[PDB]
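Virtual Cβ from ideal backbone geometry, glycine too; neighbours counted across all protein chains shown. Just so you know, all these numbers are worked out from the coordinates, no wet-lab data involved.
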Amino acid sequence: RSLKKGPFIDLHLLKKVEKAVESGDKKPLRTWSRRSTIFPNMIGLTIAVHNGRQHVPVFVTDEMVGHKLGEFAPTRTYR
Amino acid sequence: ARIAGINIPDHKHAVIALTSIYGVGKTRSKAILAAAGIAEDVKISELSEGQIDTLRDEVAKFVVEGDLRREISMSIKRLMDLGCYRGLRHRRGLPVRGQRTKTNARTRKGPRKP
Amino acid sequence: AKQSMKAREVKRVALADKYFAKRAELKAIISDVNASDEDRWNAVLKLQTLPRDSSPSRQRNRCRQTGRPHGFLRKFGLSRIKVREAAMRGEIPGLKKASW
Amino acid sequence: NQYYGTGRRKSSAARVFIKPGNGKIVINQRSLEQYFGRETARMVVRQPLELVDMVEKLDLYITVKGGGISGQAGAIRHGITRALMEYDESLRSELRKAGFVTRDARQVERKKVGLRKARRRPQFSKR
Amino acid sequence: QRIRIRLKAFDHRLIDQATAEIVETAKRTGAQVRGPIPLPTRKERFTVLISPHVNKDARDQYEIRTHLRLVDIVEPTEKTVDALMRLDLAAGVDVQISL
Amino acid sequence: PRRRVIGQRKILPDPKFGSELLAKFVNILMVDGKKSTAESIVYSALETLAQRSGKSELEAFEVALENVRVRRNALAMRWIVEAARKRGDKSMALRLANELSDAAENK
RNA sequence: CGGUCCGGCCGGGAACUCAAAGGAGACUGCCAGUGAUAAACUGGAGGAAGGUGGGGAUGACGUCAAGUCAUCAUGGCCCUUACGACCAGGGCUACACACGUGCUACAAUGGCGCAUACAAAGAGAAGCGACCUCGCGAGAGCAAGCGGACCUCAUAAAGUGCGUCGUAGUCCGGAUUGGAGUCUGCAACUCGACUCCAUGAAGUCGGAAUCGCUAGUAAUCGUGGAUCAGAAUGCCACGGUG
Ligand SMILES: [Mg+2]
Ligand SMILES: [Mg+2]
Ligand SMILES: [Mg+2]
Ligand SMILES: [Mg+2]
Ligand SMILES: [Mg+2]
Ligand SMILES: [Mg+2]
Ligand SMILES: [Mg+2]
């Protein structure tokens with residue numbers, strides 16, 4: 001989909017990764033970046049992905065690298 | 001004539017008979033015949049066994065068999081076992097890449113019933 | 001449209017010539033340069049900290065007289081109904097009801 | 001001595017240059033068989049030269065721009081008839097009888113507002 | 001050298017009046033002009049809705065006709081240049097000079 | 001038609017044979033305005049009828065026309081073309097040639 | 001006509017096509033017949049056009065308290081540290097179904113491969129973007145020309161010529177899905193376009209019912225434009241065949 005010249009990630013979420021590596025794992029991190037590409041430095045962390053009204057925590061797995069955080073949060077409730 | 005693609009191609013022209021193997025369309029069948037040196041309008045008649053096994057080696061680079069069925073399937077199993085949004089689409093039989101679900105979703109949903 | 005909606009459109013244009021006219025124009029070129037900085041240009045990351053409302057994709061071409069976002073024409077800069085009211089009073093030069 | 005006649009169609013335009021004596025046909029620096037792909041288009045230009053007999057009797061140097069298969073062929077057929085009226089001037093009684101001098105002015109009808117075509121209306125519901 | 005004047009306007013009966021004033025002045029002062037040529041009219045066509053709501057089929061059919069005139073002057077005579085450059089022409093005529 | 005009583009148009013005849021009736025025959029088979037592909041099928045069908053199914057090509061079509069009989073000629077040509085489409089042979093020139101062979105021998 | 005590097009390309013030619021400013025020309029004008037000697041009709045000649053030539057603009061008094069307080073204008077009412085305003089994300093694109101409106105199909109009047117001929121009308125400067133080079137391709141790099149009858153989009157498609165498939169769920173039809181990518185834009189997950197590989201649903205001409213159309217019309221083939229950063233099976237135009 002996206003062009004190969006640079007995988008996109010937001011600047012605020014990239015700062016949240018850097019403090020999480022140095023200071024160790026924390027409580028699940030609330031964010032709104034559903035468009036960020038998952039990098040290998042995020043494996044192990046729990047990122048709370050906003051889906052319209054709440055934040056759903058997502059435990060990052062090794063094979064999640066390359067996907068988006070929006071691909072793990074359903075935005076509507078179906079019955 | 002039994003290829004590594006065990007399912008027997010029909011006794012017709014070469015570029016048509018290679019299409020019956022799962023994973024070889026019209027374009028890839030042209031690439032094998034161009035790399036081997038066999039004309040596309042040559043039938044299974046006069047296609048000698050020295051000309052069939054050189055087609056076995058050219059198709060050997062690509063995995064085109066029931067082994068290709070599981071590699072497409074386990075790629076979907078990577079989605080469904082992960083718990084992603086796209087993995088939820090395959091489990092219920094819903095369209096994935098942006099097709100609407102109001103009407104005209106008959107391929108994904110299956111036949112109609114109220 | 002509403003007065004607050006037209007105030008949003010003035011706010012986007014005033015930032016469009018401010019930020020993304022010359023600064024993002026350079027950042028679009030350096031990310032596109034194949035000759036130098038093939039790996040670590042980082043112009044995309046500096047574009048992220050810029051404000052969003054300078055974008056030409058976010059602005060909406062609207063009628064200059066009423067503010068309708070529908071039926072715009074770049075020839076007139078107006079909505080489709082307000083083109084008629086200036087045409088029938090002869091306010092637009094050469095514009096007339098045609099037959100062919 | 002040149003004898004000239006203008007013939008046209010919907011979007012075609014053809015000139016006709018007459019020179020006395022040959023069976024030569026040069027259309028857009030090409031031959032008659034080379035340019036016209038349709039056999040019907042080869043014969044419709046032969047139709048005005050039917051009552052007036054041509055075998056090897058007059059040159060025609062023709063060019064045409066615009067139109068299509070029968071649009072160019074209809075332009076030449078109109079153009080030949082005005083050249084023969086220029087050539088002999090007594091041939092008109094046979095040419096009015098054939099009807100080839102009449103310019104077919106049936107142009108395309110305009111695409112109307114509210115309809116997808118000139119007369120074709122979008123599909124209608126009773127109630 | 002060669003100077004040319006591109007004349008363009010909306011009205012056809014108004015563009016030829018200002019065209020005739022330039023050519024007659026140029027012939028009077030002894031200039032060499034190969035007449036005015038009629039360039040093809042670039043006419044725009046506009047179809048917009050007349051209703052603000054449903055009844056889609058009722059529309060208006062507008063046009064904008066842009067006529068074109070070109071006058072070519074061969075010799076740059078000083079009496080020709082000083083007369084034509086500050087003429088009093090119609091307001092609806094735009095001039096384009098190539099020196 | 002209630003008030004407007006007018007005639008019917010007279011098209012130009014066949015350029016190959018000079019036949020007015022054969023010009024109306026190619027227009028029935030013609031679909032999507034394809035004159036060039038319609039007349040090539042009709043000419044190849046009649047040449048199969050002429051060379052291998054009886055001489056006098058212009059008369060051989062007439063005997064096939066006579067058994068299935070302005071409107072009388074129009075409905076006769078339409079019944080040949082529409083029945084030729086629903087056959088088992090390979091091409092349209094082969095199917096319509098066998099229909100004119102059957103219409104000549106009234107079966 | 002001279003000049004050939006075979007290109008109107010360069011001297012030139014102003015004829016012609018085209019380009020657009022003005023004008024002529026069709027008015028039952030003429031002839032014959034019918035008709036109350038009327039209006040009118042029929043037939044024929046002349047003519048490019050003949051009986052309001054072809055098409056458009058042009059839609060009376062009124063009818064439906066038809067549609068529009070969400071184009072706008074506007075009487076009155078209502079809220080006002082909120083029925084206002086800012087921002088992020090989501091929704092407008094959901095899914096057991098129903099209805100209307102379209103596209104592509106179910107094919108040999110076709111499919112595919114190669115060769116190849118003919119359009120009209122528009123768009124273009126924060127734009128159209130050639131040539132050259134690279135990639136199977138979407139494109140990318142380099143880089144002119146052009147505010148334009150000059151340059152660019154832009155090689156029109158059907159058709160034609162040959163070869164192939166031989167009546168089948170097929171070399172029909174392309175849905176759906178996976179994998180790998182292009183481009184637009186802060187940013188393509190929800191929800192973009194396009195390309196490449198692979199997969200090859202239903203469908204073999206469609207019930208009751210129902211629609212369009214009397215001629216360059218129907219049918220069909222492509223092209224262009226508006227909207228638009230990007231996003232046309234819709235809509236507006238334009239021609240080709242007929
Ligand atoms: Mg295959
Ligand atoms: Mg207001
Ligand atoms: Mg927008
Ligand atoms: Mg009312
Ligand atoms: Mg009401
Ligand atoms: Mg297919
Ligand atoms: Mg009618």
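I need the full set of residues from the range C:13-39 which are farther than 16 Å from C:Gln59 by Cβ, part of a loop (DSSP other than H, G, I, E, B) and acidic (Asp, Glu), in order please. Walk me through how you get there before you give the answer.
Step one: filter the range C:13-39 for residues farther than 16 Å from C:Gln59 by Cβ, giving C:22-23, C:25-39.
Cutting the leftovers down to part of a loop (DSSP other than H, G, I, E, B) gives us C:22, C:33-39.
Residues satisfying the conditions are C:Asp37, C:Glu38, C:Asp39.
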Selection within the range E:13-26 - surrounded by 12 or more Cβ atoms within 10 Å (Cβ to Cβ) and not acidic (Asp, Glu) = E:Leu14, E:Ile15, E:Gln17, E:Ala18, E:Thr19, E:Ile22, E:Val23, E:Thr25, E:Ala26
Quick count over the range D:32-58, residues being loosely packed, with under 14 Cβ neighbours inside 10 Å, within 12 Å of RNA strand G (Cβ to nearest atom) and assigned to a loop (DSSP other than H, G, I, E, B), is 1
Selection within the range E:88-99 - surrounded by 11 or more Cβ atoms within 10 Å (Cβ to Cβ) and away from every other protein chain (no Cβ under 14 Å) = E:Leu89, E:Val95
Among the residues of the range D:33-45, write down those that are over 18 Å from D:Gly5 (Cβ atoms) and either facing another protein chain (nearest Cβ under 9 Å) or not aromatic (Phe, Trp, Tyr) (or both).
-> D:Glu33, D:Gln34, D:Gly37, D:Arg38, D:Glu39, D:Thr40, D:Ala41, D:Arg42, D:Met43
Within the range A:33-77, track down each residue that is of a type in the set (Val, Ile, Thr), assigned to a loop (DSSP other than H, G, I, E, B) and under 23 Å from B:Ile76 (Cα atoms).
-> A:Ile38, A:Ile43, A:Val60, A:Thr61, A:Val65, A:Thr75
Name the pairs whose Cβ atoms lie under 6 Å apart, with the first residue in the range F:29-41 and within 11 Å of chain D (Cβ to nearest Cβ), the second assigned to a loop (DSSP other than H, G, I, E, B), and 6 or more positions between them or separate chains?
-> F:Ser36/D:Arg38; F:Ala38/F:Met30
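With the condition kept exactly as written, say whether any residue in the range E:76-87 is within 14 Å of another protein chain (Cβ to nearest Cβ) and either loosely packed, with under 11 Cβ neighbours inside 10 Å or assigned to a helix (DSSP H, G or I) (or both). Lay out the reasoning, then the answer.
Applying the first criterion (within 14 Å of another protein chain (Cβ to nearest Cβ)) to the range E:76-87 yields none.
Within the range E:76-87, none of the residues are within 14 Å of another protein chain (Cβ to nearest Cβ) and either loosely packed, with under 11 Cβ neighbours inside 10 Å or assigned to a helix (DSSP H, G or I) (or both).
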So, of the residues in the range C:60-69 that are more than 10 Å from chain E (Cβ to nearest Cβ) and either within 16 Å of ligand 1 (Cβ to nearest atom) or at negative phi (or both), which turns out to be surrounded by the most Cβ atoms within 10 Å (Cβ to Cβ)?
-> C:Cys63
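Given the criteria in a helix (DSSP H, G or I) and surrounded by 12 or more Cβ atoms within 10 Å (Cβ to Cβ), does A:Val21 qualify?
Against the criterion (in a helix (DSSP H, G or I) and surrounded by 12 or more Cβ atoms within 10 Å (Cβ to Cβ)), A:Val21 qualifies.
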Of all residues in the range C:72-93, count the ones that are surrounded by fewer than 16 Cβ atoms within 10 Å (Cβ to Cβ) and either within 10 Å of another protein chain (Cβ to nearest Cβ) or at positive phi (or both).
-> 6
Failed criterion for B:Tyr22 (all others in (1) over 30 Å from A:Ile43 (Cα atoms); (2) within 14 Å of ligand 1 (Cβ to nearest atom); (3) outside any loop (DSSP other than H, G, I, E, B) hold) | (3)
Only residues that are surrounded by 14 or more Cβ atoms within 10 Å (Cβ to Cβ) and closer than 24 Å to C:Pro69 by Cα: list them for the range E:28-63, please.
-> E:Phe46, E:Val48, E:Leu49, E:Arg59, E:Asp60, E:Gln61, E:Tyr62, E:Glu63
What do you reckon, is D:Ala14 crowded, with 16+ Cβ neighbours inside 10 Å, hydrophobic (A, V, I, L, M, F, W, C) and within 14 Å of chain F (Cβ to nearest Cβ)?
-> no
Among the residues of the range B:24-43, is there at least one that is within 14 Å of chain A (Cβ to nearest Cβ), in contact with a helix residue (DSSP H, G or I) (Cβ under 7 Å, 6 or more places away or on another chain) and at negative phi?
-> no
Among the aliphatic types (A, V, I, L, M), more than 24 Å from the chain's Cα centre (by Cα) and under 30 Å from A:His12 (Cα atoms), is that true of C:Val33?
-> yes
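Sort through B:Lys43, B:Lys102 and tell me the only one that's more than 6 Å from RNA strand G (Cβ to nearest atom), basic (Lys, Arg) and surrounded by fewer than 15 Cβ atoms within 10 Å (Cβ to Cβ). Don't jump to the end; show me each part of the working.
Values: B:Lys102 fails: more than 6 Å from RNA strand G (Cβ to nearest atom).
Going through B:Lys43, B:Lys102 in turn, just one is more than 6 Å from RNA strand G (Cβ to nearest atom), basic (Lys, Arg) and surrounded by fewer than 15 Cβ atoms within 10 Å (Cβ to Cβ): B:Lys43.
Please specify each residue of the range C:25-43 satisfying the condition of being acidic (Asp, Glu) and either within 14 Å of chain E (Cβ to nearest Cβ) or near RNA strand G (Cβ under 9 Å from one of its atoms) (or both).
To start, the set of residues in the range C:25-43 that are acidic (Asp, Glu) comprises C:25, C:32, C:37-39.
Selection gives C:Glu25, C:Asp32.
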Tally, over the range F:1-33, of residues that are surrounded by 14 or more Cβ atoms within 10 Å (Cβ to Cβ) and among the charged types (D, E, K, R) = 3
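Could you please find all residues in the range C:74-86 being more than 16 Å from ligand 3 (Cβ to nearest atom) and not aromatic (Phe, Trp, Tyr)? I'd like the intermediate steps shown before the answer.
First, pick out the residues of the range C:74-86 that are more than 16 Å from ligand 3 (Cβ to nearest atom): C:75-86.
Correct list: C:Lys75, C:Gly77, C:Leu78, C:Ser79, C:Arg80, C:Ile81, C:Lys82, C:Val83, C:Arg84, C:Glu85, C:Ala86.
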Within the set of pairs 6+ apart or on separate chains, which have a first residue in the range C:1-13 that is more than 14 Å from every other protein chain (Cβ to nearest Cβ), a second that is away from ligand 1 (no atom under 16 Å from the Cβ) and assigned to a helix (DSSP H, G or I), and C-beta atoms under 8 Å apart?
-> C:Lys11/C:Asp53; C:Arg12/C:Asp53; C:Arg12/C:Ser54
In the range F:65-92, the residues that are among the small types (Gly, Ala, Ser) and over 13 Å from F:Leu22 (Cα atoms) | F:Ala83, F:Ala84, F:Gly88, F:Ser91
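Counting only residues that are part of a helix (DSSP H, G or I) and of a type in the set (A, V, I, L, M), which one in the range E:1-57 is farthest from the other protein chains (Cβ to nearest Cβ)? So that I can check it myself, show each step before the final result.
Going through the range E:1-57, the residues part of a helix (DSSP H, G or I) turn out to be E:12-28.
Now restrict to residues that are of a type in the set (A, V, I, L, M): E:14-15, E:18, E:20, E:22-23, E:26.
Values: E:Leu14: 11, E:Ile15: 12, E:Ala18: 16, E:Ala20: 21, E:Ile22: 22, E:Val23: 24, E:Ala26: 28 Å.
Out of the qualifying residues, it is E:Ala26.
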Note on the range B:46-60: residues within 12 Å of RNA strand G (Cβ to nearest atom) and loosely packed, with under 13 Cβ neighbours inside 10 Å are none
Any idea which residue in the range C:44-59 is farthest from ligand 1 (Cβ to nearest atom), counting only those that are facing chain A (nearest Cβ under 10 Å) and not in a loop (DSSP other than H, G, I, E, B)?
-> C:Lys46
Scope the range A:40-55; condition within 14 Å of another protein chain (Cβ to nearest Cβ) and surrounded by fewer than 14 Cβ atoms within 10 Å (Cβ to Cβ); matching residues | A:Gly52
Residue check, B:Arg28 against (1) of a type in the set (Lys, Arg); (2) away from ligand 1 (no atom under 14 Å from the Cβ); (3) surrounded by 13 or more Cβ atoms within 10 Å (Cβ to Cβ), all met but one. Which one?
-> (2)
